[PDB]
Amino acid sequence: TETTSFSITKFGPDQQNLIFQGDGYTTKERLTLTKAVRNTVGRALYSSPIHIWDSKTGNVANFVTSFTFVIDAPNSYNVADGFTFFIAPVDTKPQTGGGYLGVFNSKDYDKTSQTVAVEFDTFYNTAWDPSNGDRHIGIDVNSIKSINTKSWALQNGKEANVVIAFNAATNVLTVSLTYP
């Protein structure tokens, strides 16, 4: 048995147990991935590697994460691109920006990516996003085109509560977003 646990309820200016990539940084008790500015990518990773499955016994881990986040845009119409919680190789580095959310490079399935992500997408990219043009929650495995998506109505500047749970017995991943 192996467990890894942490909680950060208030981020501080010197948050040494996080790895910052791109333009992500901590300020005002908040982790900010992006300021409201064009053309940026920001990522933050927890510092310890975590053991998600084991090739000697074939066992895979159960995990649960929760977080609250805010998207604050000039107005409700011009909003982009979105935010991801992701799981990737230990040496992961930022990938393509804009529509690719800093985590993928293509809409084509690439097993080399070895990344699964839960995205909260605010801009409709017509080459791969759901055709109705809605903002949405999506599960992405090795591609920016989601394997399944749920429409979500953005409430700009309001904080949202997210719980992501994975159950190893059934291999099911569940995502829940709540606004008060």
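Throughout, we count residues from 1 along the sequence that is shown.
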153 to 161 set against 20 to 28, stretch whose average Cα temperature factor tops the other in the entry: 20 to 28
Do the C-alpha atoms of 56 to 64 or of 36 to 44 have the higher average B factor in the entry? 56 to 64
Top residue by Cα temperature factor, when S106, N75, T84, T92 are compared in the entry: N75
State the tercile, meaning the lowest, middle or highest third, of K111 with respect to the CA B-factors recorded for its chain. highest
By the recorded C-alpha temperature factor, relative to the other modelled residues in its chain, which third is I144 in? lowest
By the entry's values, the third containing the CA B factor of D134 is the highest
Sorting the chain's CA B-factors, does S5 end up in the lowest, middle or highest third? middle
